[PDB]
Novice: 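One structure, pasted below without further comment.
Here is how names work: the chains are called A, B, and so on, in the same order as the sequence lines, proteins then strands, and each is numbered from 1.
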Amino acid sequence: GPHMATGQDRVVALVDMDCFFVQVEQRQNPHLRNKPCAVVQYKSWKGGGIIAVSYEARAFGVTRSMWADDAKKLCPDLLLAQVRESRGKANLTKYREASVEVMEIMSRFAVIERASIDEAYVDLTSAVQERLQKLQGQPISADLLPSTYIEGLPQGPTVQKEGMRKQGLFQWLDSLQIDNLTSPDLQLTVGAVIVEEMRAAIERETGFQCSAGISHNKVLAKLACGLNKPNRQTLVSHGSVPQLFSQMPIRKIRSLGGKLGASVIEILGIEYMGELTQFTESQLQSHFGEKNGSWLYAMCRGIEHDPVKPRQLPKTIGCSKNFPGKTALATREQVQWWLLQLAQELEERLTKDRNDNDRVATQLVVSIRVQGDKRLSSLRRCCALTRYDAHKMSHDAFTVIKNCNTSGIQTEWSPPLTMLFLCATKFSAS
DNA sequence: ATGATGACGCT
DNA sequence: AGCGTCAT
Ligand SMILES: Nc1ccn([C@@H]2O[C@H](COP(=O)(O)OP(=O)(O)OP(=O)(O)O)[C@@H](O)[C@@H]2O)c(=O)n1
Ligand SMILES: [Ca+2]
Ligand SMILES: [K+]
């Protein structure tokens, strides 16, 4: 009752760019705009691997991981943009720089947590409180929420998508208590107004469209963002959670998409997030551990406490290349040349990072895979990163992995290497 | 022969 | 430290 927390203390938004890599290429090349198109890397094996897909192309069944030769069988007019290749490997610099453009814009509105190349969480609690004061109780016009969906509405006693959307928005606004400044539903609505403004600024200043979710925590904001894509935003209120979760497959909630979520389903004999409410917290802790059990107990009620962490820059800077099947590295010369290739790209990115961001990495992580292992990584070793010098970094990487060579011959490498990875970590201010 | 990333938990 | 999970 009066002491039962409802997890309505914050306003959190998740902003996610639509078909990011595709939009980056379509901004650069206007011939790709408003067309079925995809982004592909490499080209020789089966036309290249598709890594991003425009919504027009998704209508034909094109998906990520598809070989482009196979995507062309579903969508013969599919247009393709190729990832840049430098020093023999895919180079994602264009997308990292486009990401910085977006993140710097969102940072004007609030402190962000950079979750990925194209996603950021925003804690809007303070900004909402401010905007509510600037209001002083005037109602919020539907005109301020032109691309907002209210999940769960319309409901109660038109056949077009936008008609639905407006009907739900009208019901939501008509029931709002704009007089109470601590009403959570009011706070979410003002949050959504701000997110409309943020999304308009991103589009105005970059050309890029995005979707967003607005709720009271990160999991609900992420789920919300996915409900109405592309180019729309969705508000998921605390009150909408019971119905939303009642048919929500457990795997759709962030962190439950893998083995843990599969075990929740199998051990408890359930399918949907809402079914978790019927277990005590101690029961869930007994099955899934103290941390996971408490998290599930709260999360299935719409409650989660993970803070939006103030972090706009990535914590690691890594360079990786696979050498699949027949191309696995079988000579010391090969291993050494590719370590140098990776190390040169890493040196370039590290020097740029140090000039831009006033920090220096202090640890170099080297990771390899040997032919035969089902695990993505077969060995990971660290060494000191004392100088931004590619030849030194590649020599140190070789020193820390060279005893993996089963070969009795000095020149050969066995088993051959199917993956090389160099990662700079443990940043210090400079 | 998906590939190239990136954050965080466990021991 | 080194490995694994989960995600873009
Ligand atoms: N396995 C994956 C995943 C992502 N990505 C990259 O991260 C970007 C954002 O990932 P995403 O949000 O999951 O997908 P999206 O392309 O933005 O499309 P949308 O968000 O559904 O509109 C993609 O554009 C790139 O394809 C990559 O490389 N491999
Ligand atoms: Ca996206
Ligand atoms: K994303």
Novice: For A/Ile50 and A/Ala115, take the nucleotide of DNA chain B holding the closest heavy atom to each; which residue's nucleotide lies nearer the 5' end?
Specialist: A/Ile50
Novice: Return yes when atom CG of A/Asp356 has more than 12 non-hydrogen atoms of other residues, nucleotides or ligands closer than 6.0 Å, and no otherwise.
Specialist: yes
Novice: Using the P atom in both, what is the distance from C/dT8 to B/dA1, to the nearest Å?
Specialist: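 Approximately 24 Å lies between the P atom of C/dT8 and that of B/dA1.
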Novice: Atom NZ of A/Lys309 and atom P of B/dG6: how far apart are they, to the nearest Å?
Specialist: 19 Å
Novice: B/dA4, B/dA1, B/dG6: which one has an atom nearest the side-chain heavy atoms of A/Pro314?
Specialist: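 Ranking B/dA4, B/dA1, B/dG6 by closest atom to the A/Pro314 side chain puts B/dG6 first.
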Novice: Rounded to the Å, how far apart are A/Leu313 CG and B/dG6 P?
Specialist: 12 Å
Novice: When the side chains of residues 263-276 of chain A are checked against the rest of the protein, which donor-acceptor pairs come out under 3.5 Å, sequence neighbours left out?
Specialist:
from	atom 1	to	atom 2	distance (Å)
A/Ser263	OG	A/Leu260	O	2.5
A/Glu275	OE2	A/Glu271	N	2.8
A/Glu275	OE2	A/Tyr272	N	2.9

Novice: Please name the nucleotide paired to B/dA1 by Watson-Crick or G-U wobble geometry with both distances under 3.5 Å, or report none.
Specialist: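 For B/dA1, the partner nucleotide comes out as none, under the 3.5 Å rule.
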Novice: If pairing requires Watson-Crick or G-U wobble contacts with both distances under 3.5 Å, which nucleotide is the partner of B/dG6?
Specialist: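 WC or wobble partner is C/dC6.
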Novice: Between atom CZ in A/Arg84 and atom P in B/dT5, what is the gap in whole Å?
Specialist: 12 Å
Novice: Which of these, A/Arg254, A/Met248, A/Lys218, sits in a side-chain contact (heavy atoms from CB on, under 4.5 Å) with A/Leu223?
Specialist: A/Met248
Novice: If you check the A/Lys89 side chain, which of C/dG2, B/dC10, B/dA4 turns out closest?
Specialist: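 For A/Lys89, the side-chain atoms sit closest to B/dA4.
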Novice: Measure from the side chain of A/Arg114, starting at C-beta and using heavy atoms only, and say which of B/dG9, B/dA1, B/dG6 lies closest.
Specialist: B/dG6
Novice: A/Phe421 has an atom CZ; how far is it from atom P of C/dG2, in whole Å?
Specialist: 15 Å
Novice: What's A/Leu420 touching, base or sugar-phosphate or nothing? Going by heavy atoms closer than 4.0 Å.
Specialist: nothing
Novice: Return the nearest nucleotide to the side chain of A/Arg254; candidates are B/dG6, B/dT2, C/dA7.
Specialist: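 Ranking B/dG6, B/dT2, C/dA7 by closest atom to the A/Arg254 side chain puts C/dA7 first.
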Novice: Base, sugar-phosphate, or nothing for A/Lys46, non-hydrogen atoms under 4.0 angstrom?
Specialist: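 Contact class for A/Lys46: none.
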Novice: Just compare B/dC8, B/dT5, C/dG4 and give me whichever is closest to any side-chain atom of A/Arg375.
Specialist: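 Taking heavy atoms from C-beta onward, the closest nucleotide is C/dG4.
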Novice: For A/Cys423, which contact category applies under a 4.0 Å heavy-atom criterion: base, sugar-phosphate, or nothing?
Specialist: nothing
Novice: For A/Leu376 and B/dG3, what is the distance between atoms CG and P respectively, to the nearest whole Å?
Specialist: 9 Å
Novice: Check the distance between B/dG3's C1' and A/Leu92's CG and give it to me in whole angstrom.
Specialist: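 These atoms are roughly 9 Å apart.
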Novice: What nucleotide among B/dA4, B/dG6, C/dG2 has an atom nearest to a side-chain atom of A/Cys382?
Specialist: C/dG2
Novice: What I want to find out is whether A/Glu197 reaches A/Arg131 closely enough, with some N-O distance under 4.0 Å, to be called a salt bridge.
Specialist: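 Counted as a salt bridge, because a side-chain N and a carboxylate O are separated by less than 4.0 Å.
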Novice: Using a 4.0 Å heavy-atom cut-off across all strands, classify A/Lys326 as base, sugar-phosphate, or nothing.
Specialist: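 Answer is nothing: A/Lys326 stays at 4.0 Å or more from every strand.
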Novice: Is any side-chain N of the basic residue among A/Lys72 and A/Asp69 closer than 4.0 Å to the acidic one's carboxylate O?
Specialist: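 No, this pair does not count.
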Novice: Kindly indicate, with the supporting measurements, whether the criterion side-chain hydrogen bond (donor to acceptor under 3.5 Å, both in side chains) is fulfilled by A/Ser294 and A/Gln285.
Specialist: CA-CA 6 Å; A/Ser294 288; A/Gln285 291 177 318; 2.8 Å; yes
Novice: Kindly point out which of B/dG3, B/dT2, B/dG6 is positioned nearest to the side chain of A/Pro324?
Specialist: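 Nearest to the side chain of A/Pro324 among the choices is B/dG3.
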Novice: Please work out which residues in residues 255-266 of chain A have a non-hydrogen atom less than 4.0 Å from an atom of DNA chain B and list them by number.
Specialist: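 Per residue number, the list is empty: none.
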Novice: So for atom NZ, which belongs to A/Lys229, do other residues, nucleotides or ligands contribute more than 12 heavy atoms lying within a distance under 6.0 Å?
Specialist: yes
Novice: With the threshold set at 4.0 Å, does a side-chain nitrogen-carboxylate oxygen contact exist between A/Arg108 and A/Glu205?
Specialist: yes
Novice: A/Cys319 has a side chain; which of B/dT2, B/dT5, B/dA4 sits nearest to it?
Specialist: B/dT5
Novice: Output yes if the stacking criterion (under 5.5 Å between centres, under 30° between planes) is met for A/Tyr42 over the base of B/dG3, else no.
Specialist: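 Per 5.5 Å and 30° rule: no stacking.
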Novice: Could you check which of C/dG2, B/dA4, B/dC8 has an atom nearest any side-chain atom of A/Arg380?
Specialist: C/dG2
Novice: OP1, OP2 of B/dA4 versus side-chain N and O of A/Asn322: anything below 4.0 Å?
Specialist: yes
Novice: Would the distance check show the side chain of A/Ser54 and the main-chain N or O of A/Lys35 forming a donor-acceptor pair, the cut-off being under 3.5 Å?
Specialist: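 Side chain of A/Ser54 to backbone of A/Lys35, a donor-acceptor pair under 3.5 Å: yes, one is there.
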Novice: When the distance from CZ of A/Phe288 to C1' of B/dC10 is rounded to whole Å, what number comes out?
Specialist: 18 Å
Novice: Contact class for A/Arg311 vs. all strands (heavy atom < 4.0 Å): base, sugar-phosphate, or nothing?
Specialist: sugar-phosphate
Novice: Looking at A/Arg349, I'd like to know whether one of its side-chain N or O atoms comes within less than 4.0 Å of OP1 or OP2 on B/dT5.
Specialist: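 Answer is yes, contact under 4.0 Å.
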Novice: Over how many whole Å does the gap from A/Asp373 atom CG to C/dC3 atom P extend?
Specialist: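 After rounding, the reported distance stands at 10 Å.
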